[PDB]
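Given as structure tokens, the chain that follows is alone and in the form deposited in one PDB entry.
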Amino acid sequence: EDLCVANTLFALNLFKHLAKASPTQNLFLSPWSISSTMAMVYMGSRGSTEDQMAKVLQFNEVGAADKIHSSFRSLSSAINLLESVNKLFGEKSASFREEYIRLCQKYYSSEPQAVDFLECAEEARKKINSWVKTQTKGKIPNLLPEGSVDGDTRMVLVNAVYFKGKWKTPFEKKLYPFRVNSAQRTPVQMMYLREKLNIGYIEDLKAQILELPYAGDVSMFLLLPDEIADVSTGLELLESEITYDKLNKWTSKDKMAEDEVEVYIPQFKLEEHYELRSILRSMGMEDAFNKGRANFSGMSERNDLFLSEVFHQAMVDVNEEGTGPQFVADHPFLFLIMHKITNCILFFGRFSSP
């Protein structure tokens, strides 16, 4: 029983499926905002659409229908730089119920907006992009592109999230060769820090795990292969073996002990944009995206409403500003950003290519 447990299950499954589409390049997303915005769409869903969303969101694996939405509103209070903006746009002839709009306000503080996809889809496309550009203060001027919506579009969800924390201890700004793959290296600016930090070693996968705290009890956990068993990113084994139970154990206080570590990590910025429909359908959320089967009767009395697409943008800025074992991240790693009090994964990513 825990939305943050479901979120982690879902985040790892989403990352695995996403990694079929992008097996080596930089990958960065916020499982928590996808879970929360997809839960609001699931609030509007019924029948086998609902059943499938609940299963892919892992709500069923952690066991509580009438408590999900209020738990998301409570969690959002505990969790809440961390900026998250979202909006559900829907074709105006499939009118949202007054009551759905009221529940969106109440549980997700989000208001669905009607657009005219059926007759002026390009204009709708451009109104979605002005709202996004406006709410993200210029970082994303054109979230949706040229032909991502047309007369067949019925409903799209947009979600853009940005994170930049303040490290508990400032790094020192040291170009080092970062290894992208067995034939290619790219110079990166490295940041260095010597500090008492929790660090662990995963014996079976020959990798180090380190926690880098930010101020308010939000930490970055970084998983960095030690032996390199593939000629590509070197992440192949960590990515086929990570599981909920394994991550839990790797991050347990018995497996991660405090120690004076010298840390070298690149200065980096990631911005990745996704269209998750094909990813979510491969995970099992099929009916929500299928015009002949979707059931959004909770959102609208009109029969003709299905989910056309999910736009997700996530961005992180990692720099030196803050308030014995060696961890040298001069080759690819997985990382996650964790809300320690809730144990919610806010972001999850692969840094492979500077």
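Note that the rigid core is defined as the largest set of C-alphas that superpose within 1.5 Å between two forms. Numbers follow the displayed sequence, beginning with 1.
If you look for the form deposited with a partner chain bound, you will not find it shown, but the lines that follow are about it.
Against its partner chain in the deposited bound form, the set 299, 306 and 310 is in full contact: each member has a heavy atom within 4.5 Å. This chain is displayed without its partner chain, yet in the deposited bound form the stretch 158-166 from 67-75, 234-242, 158-166, 118-126 comes within 4.5 Å of it by heavy atoms.
Using a 4.5 angstroms threshold between heavy atoms, residue 286 stays clear of its partner chain in the deposited bound form.
Although the partner is absent here, residue 99 lies well away from its partner chain in the deposited bound form, with no heavy atom inside 4.5 Å. Interface residue remark: residue 139 is counted as part of the site for its partner chain in the deposited bound form, having a heavy atom within 4.5 Å. Its partner chain in the deposited bound form is not approached by residue 46, whose heavy atoms all lie more than 4.5 angstroms from it. The listed set 209, 104, 190, 220 contains one residue whose heavy atoms approach its partner chain in the deposited bound form to within 4.5 Å, identified as 220. This chain appears without its partner; in the deposited bound form, the one residue of 56, 318, 329, 27 with a heavy atom within 4.5 Å of its partner chain is 318. Of the residues checked (95, 189, 169, 198), the rigid-core alignment between the shown form and the other one shows a Cα shift of at least 2 Å for 95 alone. Residue 262 is not among the residues whose C-alpha shifts by 2 Å or more between the shown form and the other one once the rigid core is aligned; its shift stays under 2 Å. Once the cores line up, the CA of residue 283 ends up less than 2 angstroms apart between the shown form and the other one. Once the cores line up, the CA of residue 243 ends up less than 2 angstroms apart between the shown form and the other one. By 3 Å or more, the C-alpha separation between residue 115 and residue 288 grows in the deposited bound form relative to the form shown here.
Relative to the displayed conformation, the Cα-Cα distance from residue 88 to residue 19 grows by 3 Å or more in the deposited bound form.
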